[PDB]
Each structure stands twice: as structure tokens, then as C-alpha cells.
Amino acid sequence: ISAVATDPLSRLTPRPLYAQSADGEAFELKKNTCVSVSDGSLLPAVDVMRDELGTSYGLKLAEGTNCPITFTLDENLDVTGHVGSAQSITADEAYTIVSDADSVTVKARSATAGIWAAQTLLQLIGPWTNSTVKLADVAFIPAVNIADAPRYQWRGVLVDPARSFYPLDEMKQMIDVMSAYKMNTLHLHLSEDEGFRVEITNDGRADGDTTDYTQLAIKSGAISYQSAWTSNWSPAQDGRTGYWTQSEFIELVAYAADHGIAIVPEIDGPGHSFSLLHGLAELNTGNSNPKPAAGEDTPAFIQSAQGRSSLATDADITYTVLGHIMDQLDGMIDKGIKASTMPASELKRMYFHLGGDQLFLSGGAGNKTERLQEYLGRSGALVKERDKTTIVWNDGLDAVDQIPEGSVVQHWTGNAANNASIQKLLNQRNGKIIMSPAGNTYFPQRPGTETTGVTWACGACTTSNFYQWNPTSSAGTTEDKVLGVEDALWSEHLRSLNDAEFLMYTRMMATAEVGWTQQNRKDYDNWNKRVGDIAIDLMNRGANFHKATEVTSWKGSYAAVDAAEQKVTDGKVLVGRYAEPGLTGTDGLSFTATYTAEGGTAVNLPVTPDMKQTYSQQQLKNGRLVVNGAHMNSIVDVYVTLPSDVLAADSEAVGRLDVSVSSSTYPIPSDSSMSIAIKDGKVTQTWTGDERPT
Ligand SMILES: CC1=[NH+][C@H]2[C@@H](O1)O[C@H](COS(=O)(=O)[O-])[C@@H](O)[C@@H]2O
Ligand code: NA
Ligand code: NA
């Protein structure tokens, strides 16, 4: 038996609405293959393709006229011929692909649908398109007929930088993988008891508002989740401190927009609000809790404060401050979308997340409920007057009557179908639901019984728990009331992108399928079989992931490297890469490499496999998780040593380089053949065809 590429259509995640093999040969991408667009708004889709294929395959994908690859914008694109009695789509995100040996024809209902088409094409090309080095093979798009649209319009990840900051470059790496699986929403949990993570300035304050907002990021940027206030397996390291400057936050929005992802900000209140009291002297007033000590302007960041926070629900300044933070986030979001090449009509998400987590009661100026009803009535009024829809967590529905009509609950705790408050919001107050039930969507829930993490929701919430649910059924409502789903990355215990990606992947790709794929097109075993290729692409991106035991498709894959762009050092040159999750070293890999000259016989070449990092599960030291203890092995660089007499040839020499890999941990060996040209001890050209390209 011998390793081959999976049937390209078999790879697609999320599973599209409709996908069939068309007749005949695949389309071959050439260095100079151009792309035609009907509209400038579709260039961002072409850019997503060029950003990968420029590096992996040397593709220019220049914009041209009468190109074999076309993106056409069709606001009336009709995929309903593929929507059965049992199916439901949000058509704004619909696209089609019709391809053959000669052409690839994309229609997109929106600019965002263009990017989804591009992500599908990059999956069809295969799991090496994020290669950091130019590959020797040419790229092919199979002859296919695809009609696609998502079930749910809202397919998101909550990121919590408030417990522990994530620098902009790490947020971009999350957006990359979110976009790759057609996630369209990045919910930013900007503020908590333990931090505030975006700069707020004093530009454009309301008349007579003399609040100094600049202290918010300066004081509450400098705090984070404290290891010392834990007695469990939480890392010895405190949360990362810091905040995004306005220009960093504008760049975050712009980058998200150019990948089809809208920003949804959350400023949580009246509870989980200690960062606001700690940052703004002005918010310490009326029934705020806790109070600053002996002649202090702001309460101290100390263990007794944790879970005991309340904004002043009875004070005008609370709502002045909230209004200005909302205005400033709105301004930065508009500036981010302006900096993108994507349309505001698609990427400006007219929602604001108030949170609504219960405040702590200390004094006697109201009951917890009454204060929450004051706070969400008044803060709900701010959102409505900015032409936005309010979102609250389950706790916020103690104020279901006070929040505006048409408000949204983000469900995480208990059975939504049986929740009187949720059913009243949906049924009597024209509301809608975003589904984040902890047991199906909370990344800190440990992904396996061998792992260390949060256990309360499932014991271990595996890819099975993340895949095998129906958000509409779980909400006990109709399709039209379900906006969709969000995963949650809470950062009490997270200190790095590597440790976040351990929890996020591959479970996020199950959530992506829940958000996108039709309920009657879902098949956990089929999704499980696609994870092998998902992992090969994550390894190419340098993204970490949990090597879950329930995944049956972990595989090795070999790709020939274009040695023409690699240096020969002491006769050694990089000719291949071998990706296989879980390698603890290279000694379980058996490589055979031969060079066969024109005129020659097979010459065995010494093979030098090189793997920078080895695979490790999580590591505990003194009862606590080590930061980055769980890490994936590197892709193996496969070097051969070329013979001295081939490298000393004053005349060009052509030969065939055949590389075989057998793995102790993956039972299907790979075979690779490419032709190489060598002159003056350097590889000048490689090719995998029967004909040398000219
Ligand atoms: C909406 C909501 N409020 C709480 C709650 O979810 O769980 C989070 C931790 O999740 S975990 O660790 O999976 O249990 C926590 O960070 C957040 O403050
Ligand atoms: Na790909
Ligand atoms: Na080549």
C-alpha cells in the first residue's frame, strides 16, 4: 500500500451544502495564472489565496482580464436548488465553484462569500498550501461542482485577553485559522475583574464629560489574573499584562475584516467590572463595590476584590463612561474597516455585548436584581441609541423586561430549551440566541482524559462533545431565532498562543462545521476522518493542537521541496518535508533516497532528517501546568547529500530524485519523485512532471 492525496472533495471542512466531482482533468495553476474579478470588493478573496500560494507554489495570481480563474459578484446568486425541505441557509454568504481542466468559475453573493470560496479552493489544492517553503509539485484545482452557504449567520470565537493579554501578532494567527474554517465573528472579552485590554482616549467625549479615560488602559492594562490567588494546576506565571493601543486595535479590526471576520466587543457589567473601578477614579461612586480604602481614588487590586465587583448602577457617570467606551470602540471599528478593502455593509456588526453578569451586593441601596435591572435598562438604552442590538449572557435575563426588544442572549449555563427567561426573550420580546453551552463550546474544558484542565462540563469535552449537538434543538427554538454559535477561549490558565491553540484545535474545526454544515449533512465519523489533513495544514501554519486519542485519522504526509530555492551546504540540500503529528524524534522514520542521472543508475544518497521540536503532552511541575509544555513536533526537513562528482560538474546535469519514507507510527509509506537540474554545485530547477518546464 502507498500514501496518496485524499480525494480533494473529501477534505472540505466545513462540509459544504453541495459538492460533486465534475468530468475530466484538474486545472493546473501556473506561476503566471491570473484571476479575473467582476468587482474590486472580490480582490480580498484573491489576496487570501496569494498570501498562501505565493510562498508554497510561487504563484503571482495577478488580477487580469479573461483569466481562467474568475470571481463574479452576484447579489441574486440562488443556491436554493440545493436546499432541501430539511435544510436552512443564510444566503448572504452563498458561493458556487464550477471548475474543469480549463477554468475555475466562482460566483459569490457577497465579498465575504468570495473569501469563503477562496478558503474552499485552498482546501481543494490541499494541506501544504501554508508551506513556509516553495514546494516542487504544481498546484491543482480539481474539476468540481460546489454550491455552498452556511446554516448559521453567526460563527464565532470569544477571546479573553482580559485574564491574560494576547499581542496583536497572536490575534492575527487566531484570525488566520478562524477564517480558514469560515468563522466570521471574533468576540473580544475586553474587560474583566483582572484587566482592561484596549486604549480609551479623551477625544470626542460628550458635552461636559471631564473623565480622564487614558488612566483605564494605563492602570488596568498593568493587572492580570494572579497565580497566587489559585491553589490548583493553574500556571505559576500570572496572566500577561498589556493592552492594544488604538492603532493596534484598528489593525486587529482591519486584519479580521480582510479575512471576513467582524469584531464584536464586550464590556462586561455590572459585575466582572473590577478593571473599570480600578482604572477610572470617576466610576467609584454611588453603590460601586468594593470601595477604595482610606482616602484612595481607586480600589486596590487584591484577592478580596475578586468576584465582589459592582459598577455604580445608580450613578449617571457609569453610563457616561460606558457611552464613551462604546463610541470609542465604534470609531476604532469604523477606522479598521476603512483600513480594510472589505465593505462596511458586511463587516460592521451592529451588536454590542453588555455581558450582564451579576454584581456583588455589599451595601443597602437596592437588591442585586433591581440594580441589574437599572444597569441593563440604562446600558441597553445606550446600545439601542447607537442603532445596535444588545447581547447579554444568561445572567442578563434577570433584566429580560428592561433590555431593548429584539435583544440577544448568549447561552452558556444550563438547558436553554427549558429556560423560562430565554423562551420569554425569544417568544415574547422578539429576541435571538447565540449558543455557547459550556459542554459543547468552552475551550478550557479539558479535551481529553490524559489532559489537565477544567472538568465540570463533561469531565473531558472532546471533539465528539464539540461536534455532536444541534444548536437549534439545544435552544428549543426555530432556526430564525438562532444567530448561531461561539467557542469561548477564557484565559484564567492561558499564558501563550501555543497553550491557547492546544485547547482551540482541533475542537474549533468541529464548531466551524456546527456553524456552517446542514444538520442532515453532519457525520462525526466523516469529520473525524478529515482531521488528519486539518493537522497537516496546522503543522504548516505552525499552529499547536491537541493530539486527541478519539481522532482515528492522524497521518504522515510527504511533500517534495523546490531545492532550486534552497542552499547546498557541504553537499547537503533540502529536498522534502515530512509532516506527522506526534513524532518524539526521527529514529522511527526510515528514508530511502536515490539520485538517477540521465545516463546513470540509482545512487543511494545519505538522508539527514531534521526536526527542530519533538512532540510533548502537557507538563506539570510542582502541581502546576508548565507554559508551552504541550507542543507539536516540527515538520521534518529531509536533506540529501548529493555526490561530490555531481556537484563538481561544470556542465548542467539532470536527474530524478526518488525519496521514500516509512514511519514506525503511521503504516502507509510515502513515495516522492522529482527531476532536478544541477549546475556549478547548485540546484537550478526542480519539476514533478514528465516534461521539464520552460
Ligand atoms: C459567561 C461565563 N462567565 C464565566 C464562565 O462563563 O466560565 C469562564 C471559565 O470557563 S471554564 O473555565 O470553561 O469553566 C469564566 O472565565 C467566565 O468568567
Ligand atoms: Na490548503
Ligand atoms: Na519548478
# chains A, B, ... in the order shown; residues from 1 in each chain; ligands from 1
$ closest_atom_pairs --of "range 255-333 of chain A" --to "range 140-155 of chain A" --cutoff "12 Å" --atoms "only C-alpha atoms" --output "tab-separated table"
residue	atom	partner	partner_atom	distance
A:260	CA	A:155	CA	11.3
A:261	CA	A:155	CA	9.4
A:262	CA	A:154	CA	9.9
A:263	CA	A:154	CA	11.6
A:264	CA	A:154	CA	10.9
$ write_last_selection --atoms "N, CA, C and O atoms" --output "PDB file, in the first residue's frame"
ATOM      1  N   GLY A 260     -12.716  38.235   6.516  1.00  0.00           N
ATOM      2  CA  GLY A 260     -14.170  38.004   6.527  1.00  0.00           C
ATOM      3  C   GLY A 260     -14.723  37.899   7.937  1.00  0.00           C
ATOM      4  O   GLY A 260     -15.875  37.446   8.092  1.00  0.00           O
ATOM      5  N   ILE A 261     -13.979  38.417   8.915  1.00  0.00           N
ATOM      6  CA  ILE A 261     -14.326  38.288  10.359  1.00  0.00           C
ATOM      7  C   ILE A 261     -14.664  39.664  10.926  1.00  0.00           C
ATOM      8  O   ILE A 261     -13.805  40.575  10.851  1.00  0.00           O
ATOM      9  N   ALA A 262     -15.874  39.791  11.475  1.00  0.00           N
ATOM     10  CA  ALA A 262     -16.325  41.012  12.167  1.00  0.00           C
ATOM     11  C   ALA A 262     -15.935  40.962  13.650  1.00  0.00           C
ATOM     12  O   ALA A 262     -15.989  39.878  14.263  1.00  0.00           O
ATOM     13  N   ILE A 263     -15.635  42.127  14.215  1.00  0.00           N
ATOM     14  CA  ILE A 263     -15.332  42.293  15.659  1.00  0.00           C
ATOM     15  C   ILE A 263     -16.620  42.564  16.430  1.00  0.00           C
ATOM     16  O   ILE A 263     -17.386  43.432  16.027  1.00  0.00           O
ATOM     17  N   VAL A 264     -16.836  41.814  17.516  1.00  0.00           N
ATOM     18  CA  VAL A 264     -17.931  42.105  18.476  1.00  0.00           C
ATOM     19  C   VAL A 264     -17.296  42.350  19.840  1.00  0.00           C
ATOM     20  O   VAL A 264     -16.751  41.424  20.454  1.00  0.00           O
TER      21      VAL A 264
END
$ closest_atom_pairs --of "range 325-375 of chain A" --to "range 400-416 of chain A" --cutoff "10 Å" --atoms "only C-alpha atoms" --output "tab-separated table"
residue	atom	partner	partner_atom	distance
A:351	CA	A:408	CA	9.2
A:352	CA	A:408	CA	9.9
A:353	CA	A:408	CA	9.0
A:355	CA	A:410	CA	8.7
A:356	CA	A:409	CA	9.8
A:372	CA	A:402	CA	9.3
A:373	CA	A:402	CA	6.1
A:374	CA	A:402	CA	7.9
A:375	CA	A:402	CA	9.1
$ write_last_selection --atoms "N, CA, C and O atoms" --output "PDB file, in the first residue's frame"
ATOM      1  N   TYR A 351     -23.863  45.156  16.771  1.00  0.00           N
ATOM      2  CA  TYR A 351     -24.141  44.494  18.067  1.00  0.00           C
ATOM      3  C   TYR A 351     -23.136  45.019  19.081  1.00  0.00           C
ATOM      4  O   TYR A 351     -22.017  45.366  18.700  1.00  0.00           O
ATOM      5  N   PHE A 352     -23.556  45.076  20.339  1.00  0.00           N
ATOM      6  CA  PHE A 352     -22.674  45.378  21.477  1.00  0.00           C
ATOM      7  C   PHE A 352     -23.009  44.426  22.618  1.00  0.00           C
ATOM      8  O   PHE A 352     -24.175  44.245  22.900  1.00  0.00           O
ATOM      9  N   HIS A 353     -21.997  43.773  23.176  1.00  0.00           N
ATOM     10  CA  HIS A 353     -22.156  42.768  24.255  1.00  0.00           C
ATOM     11  C   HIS A 353     -21.955  43.473  25.598  1.00  0.00           C
ATOM     12  O   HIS A 353     -20.821  43.943  25.858  1.00  0.00           O
ATOM     13  N   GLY A 355     -22.611  41.910  28.453  1.00  0.00           N
ATOM     14  CA  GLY A 355     -22.339  40.848  29.439  1.00  0.00           C
ATOM     15  C   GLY A 355     -23.528  40.570  30.350  1.00  0.00           C
ATOM     16  O   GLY A 355     -24.182  39.550  30.144  1.00  0.00           O
ATOM     17  N   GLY A 356     -23.779  41.417  31.351  1.00  0.00           N
ATOM     18  CA  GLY A 356     -24.917  41.262  32.282  1.00  0.00           C
ATOM     19  C   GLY A 356     -24.634  40.297  33.415  1.00  0.00           C
ATOM     20  O   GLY A 356     -25.603  39.825  34.069  1.00  0.00           O
ATOM     21  N   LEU A 372     -29.239  45.271  38.702  1.00  0.00           N
ATOM     22  CA  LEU A 372     -29.052  44.670  37.357  1.00  0.00           C
ATOM     23  C   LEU A 372     -30.120  45.204  36.403  1.00  0.00           C
ATOM     24  O   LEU A 372     -29.800  45.442  35.236  1.00  0.00           O
ATOM     25  N   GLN A 373     -31.353  45.368  36.879  1.00  0.00           N
ATOM     26  CA  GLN A 373     -32.461  45.854  36.023  1.00  0.00           C
ATOM     27  C   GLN A 373     -32.193  47.327  35.686  1.00  0.00           C
ATOM     28  O   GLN A 373     -32.341  47.672  34.509  1.00  0.00           O
ATOM     29  N   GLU A 374     -31.740  48.128  36.659  1.00  0.00           N
ATOM     30  CA  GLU A 374     -31.302  49.544  36.456  1.00  0.00           C
ATOM     31  C   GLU A 374     -30.213  49.584  35.382  1.00  0.00           C
ATOM     32  O   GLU A 374     -30.379  50.307  34.368  1.00  0.00           O
ATOM     33  N   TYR A 375     -29.149  48.813  35.610  1.00  0.00           N
ATOM     34  CA  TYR A 375     -27.890  48.838  34.823  1.00  0.00           C
ATOM     35  C   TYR A 375     -28.144  48.413  33.369  1.00  0.00           C
ATOM     36  O   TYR A 375     -27.664  49.105  32.463  1.00  0.00           O
TER      37      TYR A 375
END
$ select_by_dssp --residues "range 29-255 of chain A" --states "helix (DSSP H, G or I)" --output "ChimeraX atom specification"
/A:40-57,80-82,91-93,111-125,168-180,214-220,227-229,246-255
$ write_last_selection --atoms "C-alpha atoms" --output "short mmCIF file (atom, residue, chain, number, x, y, z; two decimals), in the first residue's frame"
data_model
loop_
_atom_site.label_atom_id
_atom_site.label_comp_id
_atom_site.auth_asym_id
_atom_site.auth_seq_id
_atom_site.Cartn_x
_atom_site.Cartn_y
_atom_site.Cartn_z
CA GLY A 40 -12.98 45.29 -6.63
CA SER A 41 -14.63 44.00 -3.41
CA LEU A 42 -13.57 40.45 -4.51
CA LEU A 43 -9.78 41.25 -4.52
CA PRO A 44 -9.60 40.40 -0.75
CA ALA A 45 -10.56 36.76 -1.65
CA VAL A 46 -7.76 36.67 -4.29
CA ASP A 47 -5.36 38.18 -1.63
CA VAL A 48 -6.17 35.27 0.82
CA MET A 49 -5.19 32.83 -2.00
CA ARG A 50 -1.98 34.75 -2.95
CA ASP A 51 -0.95 35.08 0.77
CA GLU A 52 -0.64 31.20 0.90
CA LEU A 53 0.16 30.17 -2.72
CA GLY A 54 2.79 32.93 -3.32
CA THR A 55 5.12 31.18 -0.81
CA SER A 56 4.06 27.49 -1.21
CA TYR A 57 3.85 27.40 -5.07
CA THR A 80 -31.80 27.10 -3.19
CA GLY A 81 -31.94 24.30 -5.87
CA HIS A 82 -29.59 22.52 -3.37
CA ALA A 91 -27.85 33.15 1.61
CA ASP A 92 -25.71 36.41 2.05
CA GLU A 93 -22.66 34.07 2.44
CA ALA A 111 -17.42 39.95 -0.67
CA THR A 112 -17.34 37.70 2.46
CA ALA A 113 -18.68 34.73 0.33
CA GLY A 114 -15.71 35.40 -2.02
CA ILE A 115 -13.28 34.76 0.89
CA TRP A 116 -15.23 31.54 1.76
CA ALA A 117 -14.88 30.40 -1.90
CA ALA A 118 -11.10 31.17 -1.67
CA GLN A 119 -10.80 29.15 1.59
CA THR A 120 -12.61 26.21 -0.15
CA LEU A 121 -10.26 26.45 -3.19
CA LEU A 122 -7.21 26.41 -0.84
CA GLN A 123 -8.61 23.23 0.88
CA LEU A 124 -9.12 21.64 -2.60
CA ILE A 125 -5.46 22.44 -3.53
CA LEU A 168 -1.75 41.65 18.06
CA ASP A 169 0.53 39.13 16.15
CA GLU A 170 -1.04 36.23 18.14
CA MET A 171 -4.59 37.56 17.49
CA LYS A 172 -3.72 37.58 13.71
CA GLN A 173 -2.69 33.88 13.91
CA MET A 174 -6.10 33.06 15.52
CA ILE A 175 -7.94 35.09 12.77
CA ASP A 176 -5.97 33.12 10.08
CA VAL A 177 -7.28 29.72 11.33
CA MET A 178 -10.79 31.08 12.14
CA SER A 179 -11.06 32.39 8.52
CA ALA A 180 -9.68 29.07 7.15
CA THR A 214 -6.43 57.49 29.46
CA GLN A 215 -6.00 56.00 33.02
CA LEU A 216 -8.21 52.96 32.09
CA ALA A 217 -5.58 51.20 29.86
CA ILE A 218 -2.63 52.68 31.88
CA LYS A 219 -3.80 51.34 35.33
CA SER A 220 -5.91 48.22 34.39
CA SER A 227 -1.34 32.71 40.06
CA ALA A 228 -1.02 33.34 43.88
CA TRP A 229 -4.89 33.50 44.27
CA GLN A 246 -5.89 52.32 19.32
CA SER A 247 -3.66 51.82 16.20
CA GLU A 248 -3.09 48.11 17.20
CA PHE A 249 -6.86 47.67 17.79
CA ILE A 250 -7.62 49.39 14.41
CA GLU A 251 -5.08 46.96 12.77
CA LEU A 252 -6.76 43.97 14.56
CA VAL A 253 -10.18 45.04 13.10
CA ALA A 254 -8.68 45.65 9.59
CA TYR A 255 -6.88 42.24 9.53
#
$ closest_atom_pairs --of "chain A" --to "ligand 1" --cutoff "7 Å" --atoms "only C-alpha atoms and all ligand atoms" --output "tab-separated table"
residue	atom	partner	partner_atom_place_in_ligand_line	distance
A:393	CA	ligand 1	1 (C)	5.9
A:412	CA	ligand 1	1 (C)	6.2
A:438	CA	ligand 1	13 (O)	6.4
A:442	CA	ligand 1	13 (O)	4.9
A:443	CA	ligand 1	13 (O)	6.2
A:444	CA	ligand 1	13 (O)	4.3
A:445	CA	ligand 1	13 (O)	5.0
A:454	CA	ligand 1	12 (O)	5.7
A:490	CA	ligand 1	16 (O)	4.9
A:491	CA	ligand 1	16 (O)	6.9
A:492	CA	ligand 1	16 (O)	6.5
$ write_last_selection --atoms "C-alpha atoms" --output "PDB file, in the first residue's frame"
ATOM      1  CA  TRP A 393     -25.097  36.266  28.985  1.00  0.00           C
ATOM      2  CA  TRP A 412     -23.634  29.066  28.238  1.00  0.00           C
ATOM      3  CA  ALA A 438     -20.045  25.203  28.042  1.00  0.00           C
ATOM      4  CA  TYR A 442     -15.858  26.127  26.218  1.00  0.00           C
ATOM      5  CA  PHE A 443     -12.168  25.568  25.258  1.00  0.00           C
ATOM      6  CA  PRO A 444     -10.867  25.410  28.895  1.00  0.00           C
ATOM      7  CA  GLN A 445     -12.935  22.182  29.372  1.00  0.00           C
ATOM      8  CA  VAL A 454     -11.426  22.179  33.660  1.00  0.00           C
ATOM      9  CA  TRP A 490     -11.273  32.012  28.630  1.00  0.00           C
ATOM     10  CA  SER A 491      -7.698  32.773  29.782  1.00  0.00           C
ATOM     11  CA  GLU A 492      -7.553  32.205  33.611  1.00  0.00           C
TER      12      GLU A 492
END
$ select_by_dssp --residues "range 120-274 of chain A" --states "strand (DSSP E)" --output "PyMOL selection string"
chain A and resi 140-141+144-148+154-159+185-189+191-192+195-196+262-269
$ closest_atom_pairs --of "chain A" --to "ligand 3" --cutoff "9 Å" --atoms "only C-alpha atoms and all ligand atoms" --output "Markdown table"
| residue | atom | partner | partner_atom_place_in_ligand_line | distance |
| --- | --- | --- | --- | --- |
| A:57 | CA | ligand 3 | 1 (Na) | 8.9 |
| A:135 | CA | ligand 3 | 1 (Na) | 8.3 |
| A:136 | CA | ligand 3 | 1 (Na) | 5.8 |
| A:137 | CA | ligand 3 | 1 (Na) | 7.4 |
| A:138 | CA | ligand 3 | 1 (Na) | 7.8 |
| A:562 | CA | ligand 3 | 1 (Na) | 6.5 |
| A:563 | CA | ligand 3 | 1 (Na) | 9.0 |
| A:564 | CA | ligand 3 | 1 (Na) | 7.6 |
| A:676 | CA | ligand 3 | 1 (Na) | 8.8 |
| A:685 | CA | ligand 3 | 1 (Na) | 5.5 |
| A:686 | CA | ligand 3 | 1 (Na) | 4.5 |
| A:687 | CA | ligand 3 | 1 (Na) | 4.6 |
| A:688 | CA | ligand 3 | 1 (Na) | 7.8 |
| A:692 | CA | ligand 3 | 1 (Na) | 8.4 |
| A:693 | CA | ligand 3 | 1 (Na) | 7.1 |
$ write_last_selection --atoms "N, CA, C and O atoms" --output "PDB file, in the first residue's frame"
ATOM      1  N   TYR A  57       3.815  27.812  -3.646  1.00  0.00           N
ATOM      2  CA  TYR A  57       3.852  27.397  -5.066  1.00  0.00           C
ATOM      3  C   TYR A  57       4.405  28.503  -5.963  1.00  0.00           C
ATOM      4  O   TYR A  57       4.458  28.248  -7.158  1.00  0.00           O
ATOM      5  N   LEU A 135       7.260  24.514  -2.676  1.00  0.00           N
ATOM      6  CA  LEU A 135       7.139  23.073  -2.967  1.00  0.00           C
ATOM      7  C   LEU A 135       7.477  22.785  -4.431  1.00  0.00           C
ATOM      8  O   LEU A 135       7.456  23.711  -5.266  1.00  0.00           O
ATOM      9  N   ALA A 136       7.845  21.545  -4.729  1.00  0.00           N
ATOM     10  CA  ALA A 136       8.373  21.170  -6.055  1.00  0.00           C
ATOM     11  C   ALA A 136       7.189  20.881  -6.976  1.00  0.00           C
ATOM     12  O   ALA A 136       7.274  21.236  -8.158  1.00  0.00           O
ATOM     13  N   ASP A 137       6.142  20.258  -6.442  1.00  0.00           N
ATOM     14  CA  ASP A 137       4.898  19.937  -7.191  1.00  0.00           C
ATOM     15  C   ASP A 137       4.258  21.230  -7.720  1.00  0.00           C
ATOM     16  O   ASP A 137       4.531  22.330  -7.182  1.00  0.00           O
ATOM     17  N   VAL A 138       3.412  21.104  -8.736  1.00  0.00           N
ATOM     18  CA  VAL A 138       2.486  22.209  -9.122  1.00  0.00           C
ATOM     19  C   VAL A 138       1.185  22.027  -8.337  1.00  0.00           C
ATOM     20  O   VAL A 138       0.927  20.912  -7.807  1.00  0.00           O
ATOM     21  N   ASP A 562      11.020  22.470  -3.479  1.00  0.00           N
ATOM     22  CA  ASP A 562      11.735  23.026  -4.654  1.00  0.00           C
ATOM     23  C   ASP A 562      13.164  23.418  -4.237  1.00  0.00           C
ATOM     24  O   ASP A 562      13.400  24.549  -3.768  1.00  0.00           O
ATOM     25  N   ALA A 563      14.098  22.490  -4.401  1.00  0.00           N
ATOM     26  CA  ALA A 563      15.502  22.652  -3.984  1.00  0.00           C
ATOM     27  C   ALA A 563      16.173  23.783  -4.771  1.00  0.00           C
ATOM     28  O   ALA A 563      17.252  24.245  -4.338  1.00  0.00           O
ATOM     29  N   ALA A 564      15.552  24.261  -5.856  1.00  0.00           N
ATOM     30  CA  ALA A 564      16.105  25.385  -6.642  1.00  0.00           C
ATOM     31  C   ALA A 564      16.157  26.642  -5.771  1.00  0.00           C
ATOM     32  O   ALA A 564      16.987  27.517  -6.041  1.00  0.00           O
ATOM     33  N   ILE A 676      15.535  17.071 -11.011  1.00  0.00           N
ATOM     34  CA  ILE A 676      16.359  18.225 -10.572  1.00  0.00           C
ATOM     35  C   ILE A 676      17.421  18.515 -11.642  1.00  0.00           C
ATOM     36  O   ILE A 676      17.975  17.573 -12.247  1.00  0.00           O
ATOM     37  N   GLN A 685      16.763  24.093 -10.913  1.00  0.00           N
ATOM     38  CA  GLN A 685      15.330  23.849 -11.232  1.00  0.00           C
ATOM     39  C   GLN A 685      14.921  22.465 -10.717  1.00  0.00           C
ATOM     40  O   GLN A 685      15.767  21.522 -10.716  1.00  0.00           O
ATOM     41  N   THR A 686      13.681  22.346 -10.266  1.00  0.00           N
ATOM     42  CA  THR A 686      13.031  21.048  -9.977  1.00  0.00           C
ATOM     43  C   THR A 686      11.693  21.006 -10.692  1.00  0.00           C
ATOM     44  O   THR A 686      11.110  22.081 -10.907  1.00  0.00           O
ATOM     45  N   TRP A 687      11.225  19.804 -11.004  1.00  0.00           N
ATOM     46  CA  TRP A 687       9.876  19.589 -11.572  1.00  0.00           C
ATOM     47  C   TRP A 687       9.408  18.163 -11.286  1.00  0.00           C
ATOM     48  O   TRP A 687      10.262  17.273 -11.168  1.00  0.00           O
ATOM     49  N   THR A 688       8.087  17.966 -11.217  1.00  0.00           N
ATOM     50  CA  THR A 688       7.461  16.662 -10.880  1.00  0.00           C
ATOM     51  C   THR A 688       6.700  16.111 -12.085  1.00  0.00           C
ATOM     52  O   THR A 688       6.190  14.987 -11.976  1.00  0.00           O
ATOM     53  N   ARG A 692      10.165  18.667 -18.648  1.00  0.00           N
ATOM     54  CA  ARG A 692      10.849  19.809 -17.986  1.00  0.00           C
ATOM     55  C   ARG A 692      10.154  21.102 -18.400  1.00  0.00           C
ATOM     56  O   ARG A 692      10.055  21.393 -19.589  1.00  0.00           O
ATOM     57  N   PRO A 693       9.632  21.904 -17.440  1.00  0.00           N
ATOM     58  CA  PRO A 693       9.024  23.190 -17.764  1.00  0.00           C
ATOM     59  C   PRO A 693      10.022  24.175 -18.392  1.00  0.00           C
ATOM     60  O   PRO A 693      11.193  24.148 -18.049  1.00  0.00           O
TER      61      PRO A 693
END
$ residues_around --residues "residue 653 in chain A" --least-positions-apart "2" --cutoff "8 Å" --atoms "only C-alpha atoms" --output "ChimeraX atom specification"
/A:597-598,646,649,651,655,677-679
$ residues_around --residues "range 460-471 of chain A" --least-positions-apart "4" --cutoff "10 Å" --atoms "only C-alpha atoms" --output "NGL selection string"
:A and (152 or 416 or 433-456 or 475-477 or 479 or 482-485 or 487 or 505-515 or 518-519 or 522-525 or 527-528 or 548-551)
$ closest_residue --among "A:108, A:133, A:70, A:538" --to "ligand 2" --atoms "only C-alpha atoms and all ligand atoms"
A:538
$ atom_distance --atom1 "CA of residue 575 in chain A" --atom2 "CA of residue 634 in chain A"
16.2 Å
$ residues_around --residues "residue 640 in chain A" --least-positions-apart "2" --cutoff "9 Å" --atoms "only C-alpha atoms" --output "PDB file with C-alpha atoms, in the first residue's frame"
ATOM      1  CA  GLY A 571      26.744  18.886  -0.426  1.00  0.00           C
ATOM      2  CA  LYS A 572      23.501  18.802   1.669  1.00  0.00           C
ATOM      3  CA  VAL A 573      20.243  20.311   0.291  1.00  0.00           C
ATOM      4  CA  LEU A 574      16.602  20.358   1.473  1.00  0.00           C
ATOM      5  CA  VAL A 575      14.501  18.224  -0.944  1.00  0.00           C
ATOM      6  CA  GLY A 576      11.474  17.222   1.162  1.00  0.00           C
ATOM      7  CA  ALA A 593      16.708   8.486  -1.295  1.00  0.00           C
ATOM      8  CA  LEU A 605      22.023   9.273  -1.026  1.00  0.00           C
ATOM      9  CA  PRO A 606      22.684   9.854   2.685  1.00  0.00           C
ATOM     10  CA  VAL A 607      19.491  11.331   4.235  1.00  0.00           C
ATOM     11  CA  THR A 608      19.689  13.858   7.110  1.00  0.00           C
ATOM     12  CA  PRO A 609      16.239  14.278   8.708  1.00  0.00           C
ATOM     13  CA  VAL A 638      14.517  15.972   4.665  1.00  0.00           C
ATOM     14  CA  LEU A 642      24.440  14.997  -3.382  1.00  0.00           C
TER      15      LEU A 642
END
$ atom_distance --atom1 "CA of residue 534 in chain A" --atom2 "CA of residue 18 in chain A"
20.4 Å
$ closest_residue --among "A:537, A:209, A:346, A:7" --to "ligand 2" --atoms "only C-alpha atoms and all ligand atoms"
A:537
